[PDB]
Each structure stands twice: as structure tokens, then as C-alpha cells.
Amino acid sequence: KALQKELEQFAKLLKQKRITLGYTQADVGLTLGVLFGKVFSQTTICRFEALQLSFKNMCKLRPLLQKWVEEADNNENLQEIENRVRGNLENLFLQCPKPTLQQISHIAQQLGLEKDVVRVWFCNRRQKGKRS
DNA sequence: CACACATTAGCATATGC
DNA sequence: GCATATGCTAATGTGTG
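This write-up is about the structure you can find in this document. (Residues numbered from 1 in each chain as written, not as in the entry; some residues may be left out. Chains lettered and ligands numbered in written order. Heavy atoms only, no water.)

**As for the protein's contact with DNA strand C**
Right, so step 1: All residues in the neighbourhood of DNA strand C are listed as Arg 18, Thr 24, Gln 25, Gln 42, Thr 43, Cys 46, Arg 47, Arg 86, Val 117, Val 120, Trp 121 and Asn 124.
Right, so step 2: Among the atoms of DNA strand C lying within 4 Å of the protein, the sugar-phosphate backbone contributes 48%.
Right, so step 3: The contact in question runs from a phosphate oxygen of DNA strand C to an N or O atom on the side chain of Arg 18, over 3.3 Å.
Right, so step 4: Residue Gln 42 places a side-chain N or O atom 2.9 Å away from a base nitrogen belonging to DNA strand C.
Right, so step 5: Looking at the surface near DNA strand C, the elements that each hand over two or more residues are α3 (42-49) and α8 (115-131).
Right, so step 6: Grouping the amino acids of the surface near DNA strand C by side-chain chemistry returns four nonpolar, five polar and three charged. (Near = heavy atom within 4 Å. Polar contact = N/O pair within 3.5 Å; in protein donor to acceptor, adjacent residues only side chain to side chain. Helix = DSSP H or I, 4+ residues; strand = E, 2+ residues; numbered from the N terminus. Nonpolar A, V, L, I, M, F, W, Y, C, P; charged D, E, K, R; others polar.)

**Here's the deal with the pattern of salt bridges**
Pairing between side chains of opposite charge can happen when their charged atoms approach one another.
Right, so step 1: According to the stated counting rule, one finds five salt bridges in the structure shown.
Right, so step 2: Note that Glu 49 and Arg 18 form a salt bridge whose closest N and O atoms lie 2.3 Å from each other. Of this pair, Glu 49 sits in helix α3 while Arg 18 sits in helix α1 (residues 3-21), and the two are 31 residues apart along the sequence. Both residues of the pair, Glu 49 and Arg 18, count as buried.
Right, so step 3: Across the salt bridge formed by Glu 90 and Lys 128, the nearest N and O atoms sit 3.9 Å from each other. One end of the pair, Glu 90, is in helix α6 (residues 83-92); the other, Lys 128, is in helix α8, with 38 residues separating them in the sequence.
Right, so step 4: Given the relative accessible area of 42%, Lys 128 is considered partly exposed.
Right, so step 5: Salt bridges sharing common partners tie together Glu 90, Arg 125 and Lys 128. (Salt bridge = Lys/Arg side-chain N within 4 Å of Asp/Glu carboxyl O. Buried < 20%, exposed > 50% of the residue type's maximum accessible area, 1.4 Å probe, protein only.)

**A short note on unusual backbone geometry**
Peptide bonds are mostly trans, and most non-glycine residues show a negative phi.
Right, so step 1: Of note in this structure, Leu 51 is not a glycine but carries a positive phi near 60°.
Right, so step 2: Relative to the helices and strands, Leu 51 is located in the loop between α3 and α4 (55-71).
Right, so step 3: Note on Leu 51: relative accessible area 30%, which makes it partly exposed.

**Section: the protein's contact with DNA strand B**
Right, so step 1: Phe 40, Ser 41, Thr 43, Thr 44, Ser 54, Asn 57, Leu 61, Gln 127 and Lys 130 make up every residue found near DNA strand B.
Right, so step 2: Contact between DNA strand B and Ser 41: a phosphate oxygen at 2.4 Å from a main-chain N or O atom of the residue.
Right, so step 3: Separating a phosphate oxygen of DNA strand B from a side-chain N or O atom of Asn 57 is a distance of 2.3 Å.
Right, so step 4: For the surface near DNA strand B, the secondary structure elements donating two or more residues are α3, α4 and α8.
Right, so step 5: Classifying every residue of the surface near DNA strand B by side-chain character gives two nonpolar, six polar and one charged.

**Here we look at the packing of α6 against α8**
Right, so step 1: Two elements in contact, α6 and α8, have axes separated by 12 Å at closest approach and are oriented at 65°. Where α6 crosses over α8, the handedness of that crossing is right-handed. Residues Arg 86, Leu 89 and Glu 90 of α6 lie in contact with α8, whose contacting residues are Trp 121, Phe 122, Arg 125 and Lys 128.
Right, so step 2: Here the contact of α6 with α8 is built from residues that sort into three nonpolar, no polar and four charged. (Axes fitted to C-alpha atoms, helices over the stretch in contact; angles between N-to-C directions. Left-handed = near helix turned anticlockwise from the far one by under 90°. Contact = heavy atoms within 4.5 Å.)

Here you go:
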């Protein structure tokens, strides 16, 4: 309910503190990584300050940023111190929608991609083709 | 675990200060 | 040139067999 407006107020104040402290969003991600271990990319911080992320994600990243703004105020010095593969895989589709792992290993060795990368890309290919 | 589908979060490049 | 906003899709995660 009002959690929406409370998040929005927190985000506006967060933008104000970030601009006042002279930290870029990539620097914010680096600080989050070096103070918690879960380094985040600057796109996530952008979508946060612009309030683009989903509600569950909104709540999930609220506490980390709360802690960073409540902690970093003390001292800053120590804290500071490809398309052809796509086309080939599309060619591999239209004939065998769900290949076996035996074929997956061959595909991975053929195009030089990691087995897990090819497996997840295959799953998401199926996913977006089953959207429609 | 793993995978069926939903969420999530980082990349390449597009804009902007 | 660096720093933000977008489109887009690897990657995980919920939930499960």
C-alpha cells in the first residue's frame, strides 16, 4: 500500500545523498560489493533511482542501500582504498526444438561456448518461443 | 537437481551533462 | 569522455517431479 510512497521518498532521498557524496552509480555498485559481497551493476541502481524495478526487487534492495547510506557517512578514504553464433543456433533450431545433452555438448564444442551458457540460452530460446 | 515458467539483473548501445 | 537511461536478453529463482 503506502510502501510504494515510502519507497519513493526513500529513493528521492537516496538520489540526494548519492549526488551530495560524489559517487557514481558504478561506484555505488562497487561500494555495495566491497561492503556486502553482492556487487550490483549500475543499471540496477539506475532503475532503482528511476523506480523501474519490480516491487519485490524494490523491497529486496531497500535494506542494502539503507545500510550503505547509514554507514558510509563516517569515513570514505579507507573504503575507497555474437551475431554469427546467434544465427548458427537459430539454424540449429527449426529442426530439433529440444536437443539432448549429447547433442548439447557437441553444439557447445562447435561454437566455443560454455556448456552451462548454451544450456541456459537453449532454455530461454524455448521460453521466448513458447511465449507466443 | 532440474526444469516449467516467472522474476531479475547485467550487457551493448543509445542519450545526455 | 564520463556518466546516466534504454532494449534486450543470460541467469537465477520459485516450484516441482
